[PDB]
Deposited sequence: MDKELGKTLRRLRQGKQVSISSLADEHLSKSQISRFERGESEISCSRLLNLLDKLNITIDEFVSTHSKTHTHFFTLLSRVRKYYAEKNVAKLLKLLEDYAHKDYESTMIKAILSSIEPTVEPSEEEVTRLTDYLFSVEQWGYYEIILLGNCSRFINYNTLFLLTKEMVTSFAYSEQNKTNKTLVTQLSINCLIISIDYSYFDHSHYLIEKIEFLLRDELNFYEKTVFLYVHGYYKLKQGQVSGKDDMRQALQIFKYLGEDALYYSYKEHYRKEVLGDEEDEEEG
């Protein structure tokens, strides 16, 4: 950490002086002295750098970075080797199998692996990035009733900052994901609950992607509640995907539309 502090400071043309003492500042930078997070945050604040930003410049992040690399390549052998490498880490390997499944259908987490993970998600008092990413990536292997229960826990007990809305945005996406299945399965009490939660999450945000998928999925709701204008909403969301050249989203939702409408 002493190293990363140095770089950030010095690349701002900030002297050690005008920032602890000169000695200890200098002394933490050279990785000789340990400083408290309190004093580190104080230093970053003096530098006008957030801790969010500082981190951006970690076991789970390392795993995700490797997954992203191999998945983008659609490299099944490499993802199988990654799976090997993480096989002794239970939730992580379950998540890797879930991801792998989408490009190699023969690979899937077992019912028992999924249950250990949903037991863990159910047990967490406050959801963070870890839990959110695990749920999101394992959702196709979680039965709907369990999915709704966990989604409700997540929505009501996650944290985020005003500076970094990453978690809030993911929670919004996963809530909408749950909502479209609730409507598929005609859990309209569930649907009503999720709609209120999503509208609250979207308030005073840009989040146009989520608003576009929400326009479609809420339109779907409306159609199943007997409002014909829902069709208009769904067709408009499709137009938005089309106008922005968002091929995957357009062809996927158009597919869902053709089957359901």
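Tell me which segments of the deposited chain sequence are not represented by C-alpha atoms in this structure.
1-4, 24-27, 66-70, 275-284 are the stretches of the deposited chain that have no C-alpha coordinates in the structure.
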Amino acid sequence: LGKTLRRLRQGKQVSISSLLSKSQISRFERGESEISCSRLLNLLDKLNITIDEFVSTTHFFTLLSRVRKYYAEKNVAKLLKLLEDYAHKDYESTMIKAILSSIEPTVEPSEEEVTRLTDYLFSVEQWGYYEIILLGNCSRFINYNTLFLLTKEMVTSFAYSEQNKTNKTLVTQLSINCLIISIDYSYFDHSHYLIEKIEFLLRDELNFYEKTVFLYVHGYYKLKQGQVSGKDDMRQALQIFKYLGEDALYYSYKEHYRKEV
From here on, numbers count along this sequence of modelled residues.
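With respect to the recorded C-alpha B factors, which stretch has the higher mean value, 148-156 or 70-78?
If you average the C-alpha B-factors of 148-156 and of 70-78, the larger mean comes out for 70-78.
Averaging only over Cα atoms, indicate whether 157-165 or 94-102 has the higher B-factor in the PDB entry.
The stretch with the larger mean CA B-factor is 157-165.
Maximum C-alpha temperature factor per the entry, among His218, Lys231, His59, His192, belongs to which one?
Spelled out: the listed residue with the top C-alpha B-factor is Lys231.
Going by the entry, which third of its chain does the Cα temperature factor of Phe200 land in?
Middle third, going by the recorded CA B-factors of the chain.
Using the B-factors in the PDB entry, rank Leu44's C-alpha atom against the chain and give the third, lowest, middle or highest.
For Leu44, the deposited C-alpha B-factor lands in the middle third.
Considering every modelled residue of the chain and its Cα B-factor in the PDB entry, is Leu19 in the lowest, middle or highest third?
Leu19: CA B-factor falls in the highest third of its chain.
By its CA B factor, does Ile25 count among the lowest, middle or highest third of the modelled residues in the chain?
It belongs to the highest third of the chain when residues are ordered by C-alpha B-factor.
Ranking every modelled residue in this chain by its Cα temperature factor as given in the entry, which third contains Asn207?
As the PDB entry reports it, the C-alpha B-factor of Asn207 lands in the lowest third of its chain.
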